[PDB]
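Undergrad: Following this message is one structure expressed as structure tokens.
Just so it is clear, none of the values below were taken in a lab; they were calculated from the coordinates. All Cβ positions, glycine included, derive from the backbone under ideal geometry; neighbour counts span all protein chains shown.
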Amino acid sequence: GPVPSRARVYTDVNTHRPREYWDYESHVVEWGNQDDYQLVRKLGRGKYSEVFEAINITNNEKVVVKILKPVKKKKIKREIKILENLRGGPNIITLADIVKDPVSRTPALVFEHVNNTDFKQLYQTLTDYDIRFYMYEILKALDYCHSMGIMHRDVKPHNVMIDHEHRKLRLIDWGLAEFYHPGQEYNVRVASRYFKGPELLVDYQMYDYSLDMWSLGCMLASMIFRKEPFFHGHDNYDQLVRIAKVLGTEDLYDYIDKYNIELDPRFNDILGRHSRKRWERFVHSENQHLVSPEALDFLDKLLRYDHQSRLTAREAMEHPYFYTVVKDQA
Ligand SMILES: CC(C)Oc1ccc2ccn(-c3cncc(-c4ccc(C(=O)O)cc4)n3)c2c1
């Protein structure tokens, strides 16, 4: 069978907490009053929810309501518990309230309003400094949630809200997040295809916080190289092929050997043999102003097959790429 793995950091953080912190199945949801909110307009739709701008009529505050499509009570409890545990943490979206439609019995999460600028219009405006700044802000949220025993498991641009005028950022959509427990075998069917870590793609279930760091690396690559998505796979199998064409097959097969991973036979046809590419092949006159030795060194240290060898969030924050950001923040 596969070789076990443990997180290098924050390994036992949940074991040391009271059971109630992580044992979300036992959480009792306190429902507020749906009549306190009036819906104003629809903001967006997902697979599993619809998001509206609303007003809290008790105090006239603008709020956001995420009405859940039908999902298991345990998964709703998980998201609520995680949001409550992380409330007040750096750059974490604040859950303000939880309500039910009395007739249709559908649950709705009520959040703080963030004045988001279209992240699909915000990447053509981003300077080198801006990317470093916002990356640092995301790392603060990830170090925090990891330190609190939580993997986000769905890091990607859609789940980062930015109020550019206020240089404000929030990490949202905790619906896939999970508590880290040493030894636990997780579902690999998480995250968007383009952001999935090698561990997911090869079906290695004993993963950890380091998944988030792969996803972050994918984001960074897409931003500095102006190539969204960076690893553009056609399906989950081809996704690993696209990664292998960059990181190379030698390190991939080393990873599978180290963890005694049983690779789906389907892969044997399509993976082939690929050299590890230098990052210089993605640099061009359009993106060169975003790319530095520091950026490439940092990126290289996020995008590793071996989850254990990726930078931690706290290590990433200490990287020379962020020296200018750190100097200004005091
Ligand atoms: C599906 C959702 C992310 O789509 C949108 C689209 C446009 C906009 C424009 C503003 N928002 C907005 C403003 N303030 C907060 C949020 C929000 C907050 C949390 C979550 C969540 O799940 O955790 C989803 C959305 N959202 C939008 C949300």
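Undergrad: Using only the alpha carbons of region 23-113, determine the length spanned along each of the three principal axes and report them from longest to shortest in whole angstroms.
TA: Here the Cα extents, ordered largest to smallest, are 35, 33, 25 Å.
Undergrad: Here's something else I'd like to know. How much length would be gained if the chain were fully extended between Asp203 and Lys72, taking 0.36 nm per residue of separation minus their Cα-Cα distance, in nm to one decimal?
TA: Contour length minus the Cα-Cα distance gives 44.8 nm.
Undergrad: Separate question: Non-local amide H neighbours of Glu178 (under 5 Å, H modeled in plane, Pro and chain starts lacking H): which ones?
TA: Residues meeting the amide H criterion: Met151.
Undergrad: Using Cα atoms only, what is the angle between the long axis of helix 293-302 and the major principal axis of the chain, expressed in degrees (0 to 90) to the nearest 10?
TA: So the helix axis and the longest Cα principal axis differ by about 80 degrees.
Undergrad: Quick one: helix 210-225 against the long Cα principal axis of the chain, what's the angle to the nearest 10°, folded into 0 to 90?
TA: 80 degrees
Undergrad: When the C-alpha atoms of region 67-199 are aligned to their principal axes, what extent does each axis show, in angstrom, from largest down?
TA: 46, 39, 28
Undergrad: Can I ask one more? Using a Gaussian network model of the chain with C-alpha springs under 10 Å, which one of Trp31, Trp174, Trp22 is most mobile by mean-square fluctuation?
TA: So, out of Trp31, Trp174, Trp22, the one fluctuating most is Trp31.
Undergrad: While we're looking at this one, here's another question. Just list whichever of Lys75/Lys168; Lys120/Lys140; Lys72/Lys301 have alpha carbons separated by over 32 Å in the model shown.
TA: From the list (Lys75/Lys168; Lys120/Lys140; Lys72/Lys301), the Cα-Cα distance tops 32 Å for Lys72/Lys301.
Undergrad: In the neighborhood of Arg304, defined by Cβ-to-Cβ distances under 10 Å, what is the net charge if each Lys or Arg adds +1 and each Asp or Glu adds -1?
TA: -1
Undergrad: If I stretch the segment between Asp328 and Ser309 completely, what's the gain in nm (0.36 nm per residue apart, minus their alpha carbon distance), one decimal?
TA: The span from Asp328 to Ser309 would gain 3.9 nm if fully extended.
Undergrad: In deg cm²/dmol, rounded to 500, what helix-only [θ] at 222 nm does the chain give when every DSSP H run of at least 4 residues adds -39500 (n - 2.57) and the total is split over its residues?
TA: -9500 deg cm²/dmol
Undergrad: Going by alpha carbons, how many degrees (0 to 90, nearest 10) lie between the helix axis of 73-86 and the longest principal axis of the chain?
TA: Roughly 80 degrees between the two axes.
Undergrad: Would you list the P(r) distribution for region 214-330, with all Cα-Cα distances sorted into 5 Å bins from 0 and each bin expressed as a whole %?
TA: 2, 10, 18, 22, 19, 14, 8, 4, 2, 1, 0
Undergrad: Quick one: among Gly248, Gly44, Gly183, which has the greatest mean-square fluctuation in a GNM of the chain with alpha-carbon springs under 10 angstrom?
TA: Comparing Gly248, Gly44, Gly183 in the GNM, the peak value goes to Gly44.
Undergrad: Describe numerically, in nm with one decimal, the distance between label points set 7 Å from Cα along Cα→Cβ at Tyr48 and at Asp118.
TA: In this crude spin-label approximation the distance works out to 2.7 nm.
Undergrad: I'd like the projected area of the chain, averaged over all directions, using the convex hull of its alpha carbons. Report it in nm² with one decimal.
TA: The directionally averaged projection comes out at 18.2 nm².
Undergrad: How compact and how long is region 201-281, expressed as Rg and Dmax of its alpha-carbon atoms in Å?
TA: Cα only, region 201-281: 13.1, 36 Å (Rg, Dmax).
Undergrad: Take the alpha carbon gyration tensor of region 146-266, find the square roots of its eigenvalues, order them as a ≥ b ≥ c, and report rounded if a/c is under 1.5; if not, report prolate when a/b exceeds b/c, else oblate.
TA: Judged from the Cα gyration tensor, region 146-266 comes out oblate (a/c at least 1.5, b/c at or above a/b).
Undergrad: For the chain, with a Gaussian network of springs between Cα atoms less than 10 Å apart, report the residue from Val291, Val283, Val110 with the top mean-square fluctuation.
TA: Comparing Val291, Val283, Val110 in the GNM, the peak value goes to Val283.
Undergrad: I need the calculated FRET efficiency for the pair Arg105 and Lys62, taking r as the beta carbon distance and R₀ as 41 Å, to the nearest 0.05.
TA: 0.95
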